[PDB]
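Have a look at the structure below before the remarks.
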Amino acid sequence: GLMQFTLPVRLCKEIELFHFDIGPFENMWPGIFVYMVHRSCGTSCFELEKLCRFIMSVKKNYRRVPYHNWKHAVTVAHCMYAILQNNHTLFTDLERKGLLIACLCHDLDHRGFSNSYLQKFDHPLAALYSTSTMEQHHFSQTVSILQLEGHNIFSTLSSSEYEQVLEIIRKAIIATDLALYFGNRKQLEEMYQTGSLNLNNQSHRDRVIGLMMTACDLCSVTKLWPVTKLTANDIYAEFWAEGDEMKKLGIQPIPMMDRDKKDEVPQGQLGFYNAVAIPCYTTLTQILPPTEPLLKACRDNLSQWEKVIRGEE
Ligand SMILES: Cc1oc(-c2ccccc2)nc1CCNC(=O)Nc1ccnn1-c1ccccc1
Ligand SMILES: [Mg+2]
Ligand SMILES: [Zn+2]
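Residues in the sequence shown are numbered consecutively from 458, following the deposited numbering.
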């Protein structure tokens, strides 16, 4: 009840900034997460015993893969923390509760392979979930863990609030499927520009929460250059492993996953920044002005990749 989490001074200050890096000390990440829930939600949102038991079950169910791991879960939860703290009065009690949990759980039991690789492999999960294959699986794992004895961190919510929060989490996790991002942003762009965007329209909030989820999920591109560059290695480590597995299935992978075409990474990063990242943080900044630092950091990292191509680094 009267038990606050406190971080050292440097972390206490830097955790409030969008570009914060959670550091290489795994044993501090749970405390960092709880700190962010207490400041974002309140010391009352969750029974600390239940929350702590939930956090460690979620950690156990992330795998030791190069990128889609426990560090990513906490990194994406921190970007959401930053968006929520800079947009205080725009989000309901339940939304602040739901979205931090959604972010922590959004890649549960990820194996480092795309939906396309599961489909080409003919993985059982591809037969169970025809679209957003891993994302339906990640939500499934969230419900499973929530149903372990002593793990239901929402037990103090009413029946209807409980259904609302699980629906917030489900939509939030499905939205992290980048195949759904393109259409969601295009619709949000049209709505903002024609002036029809209405945050009291539930289907509109849905879309805006989806875009926040894309923004948090891609937040590696919003870090300081050395963090962005070193995360890109983890990202390509999985892509090239998947490429290797495509070749084993007798399929030439797209160049992005072919470790023979490493040379082409700088240009591929440019395309991703231009086709995905910049559009994402631009629309987010239009709808939520205080998220501008994400757009600014993203632009700075585009410039850094342009410099890599020009042989200036
Ligand atoms: C589109 C393209 O083409 C090439 C390419 C490279 C080398 C050679 C030829 C092409 N590279 C890219 C972009 C690489 N994607 C990237 O960085 N994604 C990213 C950033 C932050 N989070 N995520 C992320 C998103 C979803 C799943 C996993 C990670
Ligand atoms: Mg994912
Ligand atoms: Zn993710």
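Every residue gets a Cβ at the ideal spot worked out from N, C-alpha and C, and that includes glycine.
Counting C-beta pairs closer than 8 Å gives fewer than three between the region 640-660 and the region 599-619, which falls short of the contact rule. When the five nearest sequence neighbours on each side are left out, no beta carbon in the same chain lies closer than 7 Å to the beta carbon of residue 647. The criterion of a C-beta distance shorter than 8 Å is satisfied by residue 473 and residue 542. Here the distance from the Cβ of residue 726 to the nearest heavy atom of ligand 1 is below 7 Å. Taking C-alpha positions only, residue 739 is separated from residue 477 by approximately 20 Å. Judged by the Cβ position, residue 545 fails to qualify as a neighbour of ligand 3 at the 7 Å threshold, every heavy atom of the ligand being at least this far. The distance from the Cβ of residue 602 to that of residue 594 is about 13 Å, inconsistent with a contact at the 8 Å cut-off. DSSP, read as helix, strand or coil, puts residue 462 in coil. For the 8 Å CB-CB criterion, residue 665 and residue 645 form a contact. Inter-residue distance for residue 755 and residue 731 is about 10 Å (C-alpha atoms, whole angstroms). With respect to residue 487, residue 512 sits close: the two C-beta atoms are nearer than 8 Å.
Separation of the CB atoms of residue 671 and residue 638 is rounded to 5 Å, and the pair is thereby assigned contact status at 8 Å. When C-alpha distances from residue 548 are compared across 630, 669 and 642, the shortest belongs to 669. Around the beta carbon of residue 710, a 10 Å sphere encloses 16 or more other beta carbons of the protein chains shown; the residue is thus reported as buried.
Note on the region 641-698: whole alpha helix (DSSP H) runs with a minimum of 4 residues are 659-674, in chain order. Going by DSSP, residue 550 is part of the alpha helix (DSSP H) stretching over 550-562.
Inside the region 487-561, DSSP marks no whole beta strand (DSSP E) run of 3 or more residues. Around the beta-carbon of residue 572, 16 or more other beta-carbon atoms lie within 10 Å, marking it buried. For residue 576, the three-state secondary structure derived from DSSP is helix. Taking the C-beta atoms as reference points, residue 633 is found nearer than 8 Å to residue 563.
Two segments are said to touch when three or more pairs of C-beta atoms, one from each, lie closer than 8 Å; by this definition the region 703-722 does not touch the region 746-755.
Here residue 748 is not near residue 759, since their CB atoms are 8 Å or more apart.
The C-alpha of residue 585 lies about 11 Å from the C-alpha of residue 579. Shortest Cα-Cα distance from residue 688 to any of 467, 623 and 726 involves 726. With a cut-off of 8 Å on Cβ pairs, the region 490-507 is in contact with the region 551-565, counting three or more such pairs.
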